[PDB]
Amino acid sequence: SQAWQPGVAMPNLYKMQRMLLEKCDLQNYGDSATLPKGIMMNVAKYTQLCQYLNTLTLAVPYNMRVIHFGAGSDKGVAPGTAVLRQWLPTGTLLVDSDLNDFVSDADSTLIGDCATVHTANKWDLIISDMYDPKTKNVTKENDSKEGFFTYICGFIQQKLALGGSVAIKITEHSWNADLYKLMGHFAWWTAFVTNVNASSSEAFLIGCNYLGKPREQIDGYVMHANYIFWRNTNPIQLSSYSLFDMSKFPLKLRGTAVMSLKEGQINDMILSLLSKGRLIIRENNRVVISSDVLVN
């Protein structure tokens, strides 16, 4: 039983299908996990996300750079950032952003639409919880959405270091075909469902070790249909079990090497080191970010 895992990743055989898109109808739709006393869903959820990320070959350089989109809550704080800061090695540079105002434990916070966010440097890890509730319209076709997903695809392509990783929240209706297609530009990818929120069609699309080029061709319409089919036929038992064992939570400080290499200089030897979580390729300059402000 997977009730003792932090969550369930999409099995590889489901990725290889060619299903057509159906409505998502979860068996455990009504249920809820009993959270430890006084723990928020967003804390439990990010904790399980990080516990699962602990099992992947994440590159963890010195002076790791992490940016977290969609980090505000309607109550004005940043629970997910607090978990990320707990998880990431001490001294990791963590940048925060959201449309609405909030206070945060991040080293720096940018308020505004994500499309107004620009950074000079590249990043080692991109986390997104962005979600527009206006997409849960059950009465029209579920097509690929753009909005913030268009920004995210561009941001990954332009500002994710080779070897870096990504976790982008999706749901039944909040998804994007190009983002799925981008998953084929990583050494490995999955859709991860946390055990505490397994009654929701939410998942985190995780791309692990960016390679900058297609490794697989992935039709993103087919793959989201596959994801829904998996969710539809695989009820996941709600569980908060993994929340009670935090002894091995911190991300393992791997000291992963950072090099500054040029596009024609990336071997199959380099590609292979990237694939193993042993190499980050980016400049190591100072981190500079800004938010575009429209004046009247």
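Residue numbers here begin at 1 and follow the sequence given.
Looking at 204-212 and 137-145 together, the entry lists the larger mean B-factor for 137-145, computed on C-alpha atoms. For the pair 128-136 and 86-94, the record assigns the higher mean C-alpha temperature factor to 128-136. Among all modelled residues in this chain, the alpha-carbon of residue 254 has a temperature factor (C-alpha) in the highest third.
When the modelled residues of the chain are ordered by their C-alpha B factor, residue 43 lands in the lowest third. Residue-level temperature factors show residue 225 in the middle third of its chain, judged at the C-alpha atom. Per the PDB record, residue ranking by Cα B-factor puts residue 122 in the highest third of the chain. Ranked within its chain, residue 169 lands in the lowest third, by CA B factor from the PDB record.
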